[PDB]
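In case you want the letters, here they are:
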Amino acid sequence: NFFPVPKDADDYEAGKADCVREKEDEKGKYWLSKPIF
Amino acid sequence: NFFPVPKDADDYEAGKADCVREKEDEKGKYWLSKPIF
Amino acid sequence: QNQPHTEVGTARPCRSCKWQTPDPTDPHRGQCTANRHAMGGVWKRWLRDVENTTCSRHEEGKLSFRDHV
Amino acid sequence: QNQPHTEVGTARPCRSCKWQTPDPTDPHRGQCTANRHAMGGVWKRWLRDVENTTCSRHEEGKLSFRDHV
Amino acid sequence: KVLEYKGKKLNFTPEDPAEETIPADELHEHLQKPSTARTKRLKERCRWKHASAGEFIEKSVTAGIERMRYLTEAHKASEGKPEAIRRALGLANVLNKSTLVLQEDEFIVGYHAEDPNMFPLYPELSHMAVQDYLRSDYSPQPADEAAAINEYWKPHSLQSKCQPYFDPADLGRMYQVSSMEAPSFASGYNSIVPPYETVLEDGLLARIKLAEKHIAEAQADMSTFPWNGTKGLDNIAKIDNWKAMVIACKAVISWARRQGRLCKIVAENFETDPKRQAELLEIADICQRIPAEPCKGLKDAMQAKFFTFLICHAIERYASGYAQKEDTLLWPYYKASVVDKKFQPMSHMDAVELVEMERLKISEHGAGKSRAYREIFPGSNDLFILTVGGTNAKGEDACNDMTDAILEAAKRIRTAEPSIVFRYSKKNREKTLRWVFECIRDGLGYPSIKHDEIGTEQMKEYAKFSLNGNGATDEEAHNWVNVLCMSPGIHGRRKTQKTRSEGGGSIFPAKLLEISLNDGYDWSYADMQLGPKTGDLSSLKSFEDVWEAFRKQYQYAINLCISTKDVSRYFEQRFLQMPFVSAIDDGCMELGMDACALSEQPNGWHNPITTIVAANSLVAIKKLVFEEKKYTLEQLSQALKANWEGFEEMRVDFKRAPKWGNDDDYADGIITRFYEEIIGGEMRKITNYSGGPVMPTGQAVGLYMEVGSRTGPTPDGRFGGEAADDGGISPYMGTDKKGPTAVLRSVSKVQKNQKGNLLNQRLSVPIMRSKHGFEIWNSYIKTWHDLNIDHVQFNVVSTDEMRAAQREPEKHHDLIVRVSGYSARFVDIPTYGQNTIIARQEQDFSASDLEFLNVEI
Amino acid sequence: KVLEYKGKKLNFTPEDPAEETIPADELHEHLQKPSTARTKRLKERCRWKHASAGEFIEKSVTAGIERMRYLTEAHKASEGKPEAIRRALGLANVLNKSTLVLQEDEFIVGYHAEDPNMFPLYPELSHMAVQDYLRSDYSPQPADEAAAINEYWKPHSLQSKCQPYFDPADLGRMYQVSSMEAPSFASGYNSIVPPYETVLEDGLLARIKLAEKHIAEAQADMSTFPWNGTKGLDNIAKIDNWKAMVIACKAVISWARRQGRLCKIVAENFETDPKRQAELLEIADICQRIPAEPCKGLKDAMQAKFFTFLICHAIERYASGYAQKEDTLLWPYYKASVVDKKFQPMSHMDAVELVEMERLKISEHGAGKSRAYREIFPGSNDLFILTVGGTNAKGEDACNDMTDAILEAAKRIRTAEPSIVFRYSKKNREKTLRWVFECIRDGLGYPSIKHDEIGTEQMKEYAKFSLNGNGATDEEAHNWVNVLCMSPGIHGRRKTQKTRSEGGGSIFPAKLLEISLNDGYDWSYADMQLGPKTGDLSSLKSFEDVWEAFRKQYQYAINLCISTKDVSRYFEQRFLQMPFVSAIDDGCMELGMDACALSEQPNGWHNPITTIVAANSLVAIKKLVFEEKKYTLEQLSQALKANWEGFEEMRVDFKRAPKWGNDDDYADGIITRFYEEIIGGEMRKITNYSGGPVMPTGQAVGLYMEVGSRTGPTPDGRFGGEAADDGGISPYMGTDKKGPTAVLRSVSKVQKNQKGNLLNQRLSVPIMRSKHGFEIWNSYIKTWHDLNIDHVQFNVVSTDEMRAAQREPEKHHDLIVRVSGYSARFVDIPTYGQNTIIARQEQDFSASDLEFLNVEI
Ligand code: SF4
Ligand code: SF4
Ligand SMILES: [Cl-]
Ligand SMILES: [Cl-]
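Residues numbered from 1 in each chain as written, not as in the entry; some residues may be left out. Chains lettered and ligands numbered in written order. Heavy atoms only, no water.

A tally of helices and strands in chain C yields zero helices and five strands. Relative to a compact globule of 69 residues, whose C-alpha radius of gyration would be 11 Å, chain C shows 11 Å and is just as compact. Considered along the principal axes of its C-alpha atoms, chain C spans approximately 35 × 25 × 20 Å. In chain C, which comprises 69 residues, the share counted as buried stands at 49%. Taking the contacts inside chain C whose residues are at least 6 apart along the sequence as the reference set, 59% of them involve residues at least 24 apart. Taken as two groups, the 11 positive and 8 negative side-chain charges of chain C have centres that lie 6 Å from each other. (Helix = DSSP H or I, 4+ residues; strand = E, 2+ residues; numbered from the N terminus. Rg over C-alpha atoms; globule rule 2.2 N^0.38 Å. Buried < 20%, exposed > 50% of the residue type's maximum accessible area, 1.4 Å probe, protein only. Contact = heavy atoms within 4.5 Å. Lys, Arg positive; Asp, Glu negative; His and termini not counted. Charge placed at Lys NZ, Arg CZ, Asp CG, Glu CD.)

This brings us to the interface of chain F and chain E. Accessible area lost upon the coming together of the parts is a frequently used measure of interface size. Listed by partner, the interface residues are 36 residues for chain F and 36 residues for chain E. Taking both sides of the interface into account, the surface hidden between chain F and chain E amounts to around 3100 Å²; carbon and sulfur atoms contribute 65%. Summed over the shared surface of chain F and chain E, the result is zero salt bridges. At the boundary of chain F and chain E, one finds 12 residue pairs in polar contact. Those elements giving two or more residues to the side of chain F that touches chain E turn out to be α11 (234-269) and α21 (543-575) of chain F. The dominant element in the side of chain F that touches chain E, judged by the number of residues it contributes, is α21 of chain F, at nine residues. (Buried area = accessible area lost by both parts, 1.4 Å probe. Salt bridge = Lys/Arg side-chain N within 4 Å of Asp/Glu carboxyl O. Polar contact = N/O pair within 3.5 Å; in protein donor to acceptor, adjacent residues only side chain to side chain.)

Below, the discussion takes up the pairing of strand β6 (residues 100-103) of chain F. Side chains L100 and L102 of chain F project from β6 of chain F onto one buried face, and the interleaved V101 and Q103 of chain F project onto a second face that is buried too. The sheet contact formed by strand β3 (residues 29-36) of chain B and β6 of chain F spans four bridges and is antiparallel. Its bridge partner being in β6 of chain F, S33 of chain B is matched across the sheet by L100 of chain F. (Pairing = 2+ DSSP bridges.)

Here the focus is the interface of chain E and chain C. In this assembly, 43 residues from chain E lie in contact with 27 residues from chain C. Where chain E abuts chain C, roughly 3000 Å² becomes buried across the two surfaces, and 53% of that area is made up of carbon and sulfur atoms. Our count for the chain E to chain C interface comes out at two salt bridges. One salt bridge connects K44 of chain C with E706 of chain E, and the closest N-O pair in it is separated by 2.9 Å. Where chain E meets chain C, there are 15 residue pairs in polar contact.

Take the site of ligand 1 next. Within the structure, ligand 1 sits among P4, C14, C17, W19, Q20, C32, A34, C55, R57 and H58 of chain C. Grouping the constituent residues of the shell around ligand 1 by class yields seven nonpolar, two polar and one charged. (Near = heavy atom within 4 Å. Nonpolar A, V, L, I, M, F, W, Y, C, P; charged D, E, K, R; others polar.)

Let us look at the UniProt feature "domain: PFL" (unreviewed entry) in chain E. The UniProt feature table records "domain: PFL" (unreviewed entry) at residues 37-719 of chain E. Regarding residues 37-719 of chain E, the helix share stands at 51% and the strand share at 7%, and the terminal C-alpha atoms are separated by 50 Å. (UniProt positions renumbered as here; feature names shortened; annotations may be inferred.)

So, on to the packing of helix α20 (residues 509-516) of chain F against helix α24 (residues 611-627) of chain F. Residue and element names in this part refer to chain F. Packing of α20 against α24 leaves a shortest axis separation of 6 Å and a crossing angle of 40°. On α24, the residues that touch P509, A510 and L513 of α20 are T611, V613, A614, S617 and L618. By residue class, the composition of the contact of α20 with α24 is six nonpolar, two polar and no charged. (Axes fitted to C-alpha atoms, helices over the stretch in contact; angles between N-to-C directions.)

Turning our attention to the UniProt feature "binding site: [4Fe-4S] cluster" (unreviewed entry) in chain C. All names here are of chain C. In this numbering, the UniProt entry assigns the feature "binding site: [4Fe-4S] cluster" (unreviewed entry) to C14, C17, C32 and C55. Taken along the chain, the residues just named run across 42 residues; in space they keep tight, none of their C-alpha pairs more than 10.3 Å apart. The topology assignment puts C14 in the loop between β1 (5-6) and β2 (20-22). Here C55 is to be found in the segment after β5 (53-54). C55 gets classed as buried once you look at its relative accessible area, which sits at 16%. Look past the residues within four positions of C55 in its chain and what remains in contact with it is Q1, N2, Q3, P4 and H5.

Residue and element names in this part refer to chain E. At a closest axis distance of 11 Å, the pairing of helix α13 (residues 298-315) and helix α15 (residues 348-363) adopts a crossing angle of 15°. The angle between α13 and α15 places the two elements in the roughly parallel class. Here α13 and α15 pass one another in a crossing that is right-handed. Contact residues: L298, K299, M302, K305, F306 and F309 in α13; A351, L354, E358, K361 and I362 in α15. Here the contact of α13 with α15 is built from residues that sort into seven nonpolar, no polar and four charged. (Parallel < 35°, antiparallel > 145°, perpendicular 65-115°, else oblique. Left-handed = near helix turned anticlockwise from the far one by under 90°.)

A word on the UniProt feature "binding site: fumarate" (unreviewed entry) in chain E. Residues and elements named next belong to chain E. Following the UniProt record, one finds the feature "binding site: fumarate" (unreviewed entry) at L484, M486, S487, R500, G505, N607 and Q699. Examined against the element boundaries, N607 turns out to sit in strand β16 (residues 605-608). Residue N607 is classed as buried on the basis of its relative accessible area of 6%. Those residues in contact with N607 that lie beyond four places of it in its chain are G504, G505, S506, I507, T697 and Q699. Within polar-contact distance, the side chain of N607 engages the side chain of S506 at 3.4 Å. Checked against the element boundaries, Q699 lands in the loop between β17 (695-698) and α28 (703-709). Note on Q699: relative accessible area 6%, which makes it buried. Among all residues touching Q699, those that are not within four sequence positions of it are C485, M486, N607, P608, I609, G727, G728 and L758.

Between chain F and chain E, which share one sequence, the superposing operator has a rotation angle of 180° and an axial displacement of 0.0 Å; the RMSD is 0.0 Å. Both copies of the chain, as the preceding transformation shows, are related through a two-fold rotation axis. No C-alpha of chain F lies nearer the rotation axis than that of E79 of chain F, which sits 5.4 Å from it. Looking at the interface residues of chain F, 100% of them are also at the interface in chain E, so both copies use one shared face. (Least-squares fit on C-alpha atoms.)

Residue and element names in this part refer to chain A. Sheet analysis places strand β2 (residues 17-24) next to strand β3 (residues 29-36), joined by eight bridges and oriented antiparallel. Residue pairing for β3: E22 is matched across the bridge by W31. Connecting the antiparallel pair β2 and β3 is a turn made up of four residues.

Residue and element names in this part refer to chain F. Ordered by their spatial adjacency, six strands build an open sheet running β8-β9-β10-β20-β19-β23, and the pairing between neighbours is mixed. For this open sheet the edge positions go to β8 (385-389) and β23 (842-843), each flanked by a neighbour on one side alone. Sheet topology places strand β19 (residues 760-763) next to β23; two bridges connect them, and they run parallel. Within β23, the residue paired with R762 across the bridge is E842.

A separate point is the site of ligand 2. Neighbouring ligand 2 are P4, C14, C17, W19, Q20, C32, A34, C55, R57 and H58 of chain D. When its residues are assigned to classes, the shell around ligand 2 shows seven nonpolar, two polar and one charged.

Here's what the structure looks like:
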């Protein structure tokens with residue numbers, strides 16, 4: 001899942017987005033957000 | 001021309017030698033000594 | 001021969017022995033924990049080299065944390 | 001047009017002109033020595049860029065040291 | 001059960017009548033009460049990352065590679081730039097590119113590696129530690145990249161910078177961790193006291209604006225006619241440090257806000273419950289404002305503190321610890337939220353829940369520390385010690401309702417970490433003492449208790465050596481916390497300890513004693529020369545000769561211990577700058593200096609561990625070899641070399657010789673001198689980087705186990721490889737035969753040349769859990785305080801229950817015990833260590849004990 | 001021809017009757033007399049490497065790549081190591097791997113690049129300078145490797161380290177070399193005074209043994225109980241510097257001995273004449289012992305000095321210059337060889353020959369300096385200025401037979417370099433004055449003459465500012481040399497100037513004046529803002545306003561000039577350490593400090609060049625615009641902007657206004673104030689790295705030509721692009737109309753706030769070459785000395801001969817003339833520069849001139 005970085009964000013650069021994915025293991029559910037282009 | 005470095009020289013290392021060649025141009029004659037292995 | 005001794009290119013290095021755990025600072029070194037006393041002491045021996053050392057007590061494997069110090 | 005002026009991708013850059021000699025510090029810059037006075041002055045002009053500047057006095061070539069400052 | 005005292009019969013029946021019949025061996029499985037359904041859930045699914053015996057307990061815990069990868073990329077790209085700026089660029093790249101993590105049910109959010117089961121590594125510190133990780137089951141992956149990374153950093157590593165200034169034989173000796181702890185430059189282990197106060201009350205945007213102003217002024221200074229080259233060049237390092245601070249702070253803000261954006265994204269795209277959606281947006285807003293801006297309420301403060309903790313202890317650099325004065329730090333924000341309701345209005349129980357959540361986040365903080373430091377804190381993630389209580393600038397009570405919220409959260413959620421230190425003063429309100437006792441009587445092992453006045457006096461004394469005459473003021477000297485387990489240090493916006501190179505690191509008297517009797521040669525562990533050749537057995541013709549041999553072994557060892565720390569300091573400030581930490585220190589900011597360079601409050605110390613084994617050994621040597629001449633030293637030495645086999649009658653003689661902790665004159669006269677004249681007296685001759693003395697903080701963590709296993713048989717009666725003593729000044733397990741107040745009397749005799757000393761005591765469960773428990777404990781503490789004793793901490797746990805947890809660990813998950821300076825999950829401790837805790841004497845109080853304590857019922 | 005003086009008729013017929021009929025236009029082609037067939041041969045085949053107009057005169061002269069290649073290889077391999085050690089490893093790799101050169105007929109042997117037509121480059125200094133070489137016909141080859149090398153060094157270069165601490169607009173202004181010389185960090189240009197005395201009398205083996213001892217002591221210090229971290233850490237930088245010294249010295253010995261082995265190999269395998277074979281073995285033996293051991297004779301000393309020169313000026317780092325007190329330095333060895341015959345027995349004429357050979361080796365030393373520095377020394381390889389004469393520690397005559405051998409060698413061999421400075425005292429023996437005059441009357445242009453007492457006093461004054469209170473003692477203050485052309489500095493085993501960052505670099509009043517009249521804007525050369533906006537034309541309502549505008553332009557410029565030097569100093573000692581130079585400085589060796597870090601004798605200066613154009617311009621402005629109000633400033637400015645076209649009558653008015661050098665009150669009152677109050681007075685407000693003041697050394701080299709060409713028309717009457725004045729304090733060419741003693745009277749008026757000032761004068765050939773020449777010259781010098789004038793140097797050359805050499809350069813190869821502070825081969829100077837020398841007034845002496853000089857015939 002691909003979410004373009006808000007253009008007014010401190011870390012905005014052209015073409016930059018947060019890749020967000022949901023995971024779940026024996027302990028529980030979580031979300032990871034990695035910056036991509 | 002290949003001259004093995006004297007084994008008691010400060011710069012002696014195994015297999016090291018001075019390559020010495022004579023050159024001459026419009027100004028005059030000279031000799032170059034480059035270390036090789 | 002039941003004490004650590006050099007044996008170059010041994011098939012049974014300390015590194016693979018269940019009694020060995022790596023040195024606290026330098027992973028090239030090891031700790032032999034084989035000398036276990038009836039009163040509970042774990043009387044370790046320092047291993048200078050875990051690739052080329054062995055002894056007769058060598059046993060391939062890995063102890064759980066429960067059985068180490 | 002007999003004074004240095006920008007002309008992007010010119011066939012006749014200052015860099016190749018006999019009147020040009022490179023800047024003393026930065027070889028991207030140049031010195032135009034074309035303005036030579038009858039009383040001997042060599043009234044130089046500084047060149048910001050020698051690849052994309054030219055003028056009508058452009059003449060390909062190289063002066064010997066004798067004719068420079 | 002029943003005791004007669006001053007013409008009354010005291011009945012030690014439990015306060016909760018239900019406990020009369022709960023089997024002794026399962027008591028602690030009944031005590032947790034998380035304040036909300038949420039914190040109950042968070043605990044049940046907690047991603048603990050305990051390590052013992054050099055390994056992680058759980059297969060799922062494993063190293064991350066992102067930090068390694070992005071630090072390397074930045075380092076290659078920044079070649080040629082000033083080092084402080086290179087360091088800021090490294091942190092920024094790590095923060096800019098890191099995968100961030102959000103977990104279900106969290107309110108305090110954030111993490112320090114790319115996955116909640118992971119932890120980061122530190123190739124810039126110790127190349128050996130990384131190599132050890134690469135050889136483990138929990139290696140970063142892909143292994144080939146990680147290996148290439150470690151090879152890239154090796155010539156640049158702190159370890160590689162420091163090693164050339166020492167004799168290789170000396171480093172080999174230290175690296176064994178038998179007589180000396182390995183220097184921090186070789187392991188990467190470290191500690192820090194972050195100036196949290198600055199972040200919470202200024203925010204980072206203000207720090208940036210401040211550095212920018214300093215930079216503009218310095219550049220103006222450099223262009224002012226007439227230049228003075230003996231002054232104007234000072235601006236270069238200042239400008240470099242300030243520019244680095246700006247880069248670091250901007251990156252931290254950006255990272256916090258990106259964490260915030262992940263909450264927003266999950267709320268809008270993943271989370272289906274409107275309740276959690278609203279909560280996630282509330283967290284997203286906090287992260288947007290904090291730590292960029294000043295904190296306004298308690299939720300702000302808690303999140304600002306956690307973010308600051310992640311940068312200072314995990315991301316910018318590894319540092320053990322959780323040092324902070326948590327009640328005094330959070331009080332203004334508690335007051336704003338809970339009392340005045342001015343921003344983020346909350347109930348006291350809401351505050352208790354927020355603290356529970358903090359304890360659970362710390363319980364999930366896995367530490368990328370080296371093999372040695374995965375050995376010596378068995379049953380925990382790492383050391384996390386926070387401080388509460390004590391006194392304020394005017395010497396009045398510092399306890400408050402935030403202190404009580406912190407203590408109640410600990411009692412309720414029952415996590416082994418973070419541990420708590422309570423600074424005890426006669427000023428401290430009873431309402432808060434009662435909460436301290438609720439934790440202790442439940443067997444948590446904390447709060448440990450520190451003597452408030454001793455610590456405060458200590459801060460005043462060190463302040464006098466300040467190199468720029470800006471040590472703690474008399475009022476500031478009341479502002480102190482333990483840095484790791486035991487040693488006081490200043491907290492606040494300025495003058496805090498920035499590195500373990502200032503103080504910390506250990507030295508091991510038991511091993512030093514052993515090699516003293518063998519001319520410096522370690523025959524039993526490493527089979528090599530371990531210390532100086534201080535004299536063979538025949539040259540030791542008197543007890544004074546034995547004493548002097550130990551002295552020389554100790555002098556040689558402690559000199560290496562401190563000099564290796566000061567060399568590390570020299571290079572940390574030159575190549576391991578911490579521009580984020582510098583930016584939030586008022587002194588660093590003001591002077592344009594790196595956090596490791598500037599040292600306004602000296603705090604030099606080193607840790608004697610296994611002291612009482614050495615001391616008991618010396619006492620027995622004196623009595624049996626030299627006074628009574630029952631055995632020659634050659635006879636002792638032959639016995640020792642046999643691990644006493646064939647010599648059991650000699651062993652039992654040495655075992656029964658007078659021992660520390662029995663208020664016995666013979667032992668205590670020798671051992672008091674040993675502490676004061678050698679352990680403290682010799683160390684204090686050394687001056688560190690900061691220009692103050694170095695004094696001992698006696699303690700033990702799990703090193704009393706690891707060093708025990710590397711130490712041969714000793715004249716106190718140990719067989720080879722048995723545990724050493726458990727504290728800085730505890731009786732050796734099972735040798736205190738005169739009860740709890742005899743122990744206090746021994747311990748009180750050591751009064752000179754100490755920085756602190758850890759005392760472990762274990763109290764009878766029925767008494768402590770009876771209705772008389774608080775009164776007896778409060779009297780114990782009052783008496784302990786009058787005797788001018790530095791420290792005490794308590795186990796309150798039955799042997800039955802510990803043995804049951806050994807047999808059936810899966811039925812005893814909530815059993816927590818005190819190890820030494822920290823608490824642990826008992827079933828996560830190796831059997832060897834568990835047995836040392838069971839062997840600690842469970843103390844009962846006789847009526848003469850109670851009279852000595854001036855107990856009133 | 002004939003002059004009447006005190007009732008005698010003086011006849012100015014030449015001393016050699018043959019010269020009566022030798023055409024005036026070929027005189028100097030008759031004067032060389034090399035002392036031996038060998039030095040005649042060496043001169044005829046001399047590999048001169050003259051540069052003019054930014055290029056080398058000869059196509060055969062071209063850059064080498066070996067130094068670049070081997071420095072790079074070492075730098076990559078040494079990542080992580082301490083910088084001082086990295087620098088030593090770089091030099092060692094260069095020395096270990098360099099091709100060495102032996103030429104026919106040489107006795108003094110050695111070279112600094114891989115082929116006798118070549119010279120080395122310096123990618124560690126200025127990336128721009130290397131890029132300029134890559135764009136030239138004399139690029140190092142292969143070009144692709146050289147380019148890769150420059151890209152590798154760029155982020156590490158001294159230029160890249162220093163630029164970030166300055167406003168980019170300020171650097172752009174300096175880099176133009178119009179109002180300010182570019183800072184050394186941007187060009188790589190530099191200078192040094194090597195402690196030769198240490199090498200010759202100790203040898204390098206002793207220095208090594210000394211550093212090794214310091215290291216052993218420092219390591220012992222660090223392991224001594226009890227450690228003190230406020231002291232013991234000082235050993236780290238010391239040990240690093242000493243280890244670096246050892247690496248450097250061992251490499252230098254090895255390189256010398258390998259040079260020696262090449263002589264042996266040629267003798268045994270290539271050379272067929274038994275005479276030369278024996279000589280080659282004699283040289284081989286000298287190279288084996290020297291510089292490892294102390295020198296024993298003159299041949300030893302000469303070869304030790306040349307090797308030291310190559311390391312300090314070319315191989316370890318680029319440095320212009322040849323500073324040394326050559327007669328005092330070599331005297332002990334001359335005495336041993338020539339007088340006592342104790343080792344290497346030799347005749348005085350043998351010594352003269354050895355000096356001739358030295359002059360020829362220096363004449364072959366090509367310099368890998370940047371484009372600017374291939375522009376401003378037209379007709380020479382580089383600046384090479386040695387010093388002789390003066391006084392000893394007791395204030396007595398320092399002249400001796402070695403001085404005379406050095407002067408006779410110069411007169412005989414007629415090389416333009418090295419140039420000579422003669423320190424003149426009334427103490428100096430006539431026998432040696434006569435040799436000084438033999439050189440001057442032959443038109444060599446040197447010895448230039450420096451005032452001995454002024455320089456010695458100066459050394460005492462600077463010594464007072466020493467940062468470690470170890471400046472020159474009163475006796476040591478007599479031990480001085482010119483560093484490059486003009487400025488005194490200490491020579492000896494200790495306290496010598498190590499870098500041009502201490503003192504050197506120029507500033508250009510003529511350009512500053514021009515932009516003063518245009519609100520800081522340079523309309524004529526660069527078309528951009530060049531200085532501060534000090535006020536438009538209408539705001540300049542009085543002469544005082546014009547004066548103040550210049551003042552502000554000068555203050556802005558001189559502040560950048562010194563601050564850029566001090567920043568360079570900061571980084572040189574941190575990343576450009578010179579461990580070989582450190583090892584041969586007694587202070588560096590003793591304190592374990594780098595040569596650029598330690599500064600025991602301050603010597604701050606900067607060079608005003610084009611001063612008299614500015615000064616004459618100001619005088620004319622005052623008289624015509626403000627006093628007589630003949631023209632408004634708007635009228636002047638309109639004329640200037642027209643290059644005076646249409647305004648010739650105005651130009652001639654400004655040209656004929658009073659001028660410096662005519663002993664005219666109106667001009668001289670204004671110009672004296674200008675020197676003392678602005679040029680010196682403002683500069684002296686600045687303090688440099690070494691903690692002393694910065695004072696002006698007025699001079700010109702070839703910058704008076706280059707800056708002239710970048711300067712517009714000025715109110716002294718110049719058209720745009722015409723040359724500036726030729727000295728620090730010379731009358732502008734052709735404006736001194738009152739004779740030679742009027743010039744002395746003007747010049748003598750400037751007495752405050754100067755470090756030195758270069759005076760060029762040109763004397764009539766017939767008088768100087770007549771039998772009355774010496775008497776008139778000796779009287780001139782005595783009078784010049786009484787007037788307390790700092791400096792004077794002389795051309796003695798007919799215009800006929802210079803014009804002939806312009807027409808037919810191939811017939812005038814041996815014509816040498818004085819430029820400014822150095823001498824040149826006239827036919828190797830561009831026509832523009834040649835014409836400025838022809839325009840210098842050839843001075844005749846009237847009988848009133850001779851009376852003023854108190855001449856006695
Ligand atoms: S092989 Fe022998 S010496 Fe090695 S670890 Fe195992 S038991 Fe110890
Ligand atoms: S092209 Fe024109 S401006 Fe450029 S160097 Fe030649 S003459 Fe000068
Ligand atoms: Cl601690
Ligand atoms: Cl000079």
